[PDB]
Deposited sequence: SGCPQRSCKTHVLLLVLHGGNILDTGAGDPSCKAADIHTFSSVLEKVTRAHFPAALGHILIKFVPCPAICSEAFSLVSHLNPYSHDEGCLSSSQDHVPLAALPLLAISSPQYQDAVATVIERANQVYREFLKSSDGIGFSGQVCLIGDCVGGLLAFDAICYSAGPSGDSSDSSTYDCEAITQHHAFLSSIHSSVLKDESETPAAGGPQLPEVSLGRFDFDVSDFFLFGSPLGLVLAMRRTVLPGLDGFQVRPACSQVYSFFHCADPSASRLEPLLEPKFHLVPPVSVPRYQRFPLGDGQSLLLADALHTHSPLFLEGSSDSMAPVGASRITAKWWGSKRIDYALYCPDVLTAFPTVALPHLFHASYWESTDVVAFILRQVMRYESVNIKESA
């Protein structure tokens, strides 16, 4: 009945250097660009999806504001008020998410995200495109929004989203570092979703693997290489299944297989490395969080990958 089969809900929190009140047009511009890539890839190769996948977004609070001010005041190099210096090659970017999630007010940002996402979902259900919706809701979190999205669906084994999450995609999010901090302070939390797919460019300062936090020996298993759309528009035929990694690397892991499988966040691999044009690596450190953030919204590699995953429901 309903024309929308899959709702892609984007939790847009910006990147680790964003501060203050965001520009709402900037968030909408990101989503418009992403939506145009989705439509183009859909027409070229997934015509059965045309008109059936809808994108909505949720603006998240900029939880790195105070952390940015502290890091900027720690900078040994000369700089102007409210600024970093591009000469600081090793600006401590990894401290920004850690300071952000350590704030006593971080939990309030999570509660706010849940409230805004439920309002967006409810308006969708009343809209013409949402009447009679019975499909899948996938979550997409950007660099910072991914952190909030994860904490919003996590449980042990503030309210809650009004929907059940199927696929959960993370765009260059430093979640791994955050979870390493939380394990250090308080030494299983798992997300309530059908699968986690965490994308990163290896050279992104926020690139953080999650698989070795579930099973440490995965640090010796390479991340999955996402196929370049230009060469493999239909994918490269790889199964993506955890069981294939366990089977191929059985000496490393193998009760072993069942214990790892039980604690995994889905039946597929979690760590996905994206092809990184060499141009992106020619920039000073302070420019990289925005450049990597912006890359996702126009990535045909990422969009084609997402589309392939939502076809087991067709």
item: Deposited-sequence segments unaccounted for in the coordinates; value: 1-6, 164-213, 244-248, 316-324, 385-392
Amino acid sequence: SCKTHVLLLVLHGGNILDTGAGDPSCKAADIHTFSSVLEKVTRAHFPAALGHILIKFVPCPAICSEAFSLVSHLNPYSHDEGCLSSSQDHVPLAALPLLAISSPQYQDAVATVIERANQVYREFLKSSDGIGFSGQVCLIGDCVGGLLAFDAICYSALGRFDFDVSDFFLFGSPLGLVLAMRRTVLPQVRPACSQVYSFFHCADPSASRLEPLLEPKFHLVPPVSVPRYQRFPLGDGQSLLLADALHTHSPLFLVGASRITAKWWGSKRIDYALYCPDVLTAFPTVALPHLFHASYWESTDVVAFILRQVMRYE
From here on, numbers count along this sequence of modelled residues.
property: Given 65-73 and 37-45, the range whose Cα B-factors average higher in the PDB entry; result: 37-45
property: Between 77-85 and 215-223 (mean CA B-factor, as deposited), the higher; result: 77-85
property: Among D204, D129, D244, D167 - the residue whose C-alpha B-factor is largest in the record; result: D129
property: Selection from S194, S103, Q230, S198 [criterion: highest C-alpha temperature factor in the record]; result: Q230
property: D301 CA temperature factor, ranked by third within the chain; result: lowest
property: Lowest, middle or highest third - CA B-factor, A157; result: highest
property: Third of chain Cα B-factors occupied by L11; result: lowest
property: Ranked against its chain, the third holding the CA B-factor of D236; result: highest
property: B-factor third for the C-alpha atom of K27 within its chain; result: middle
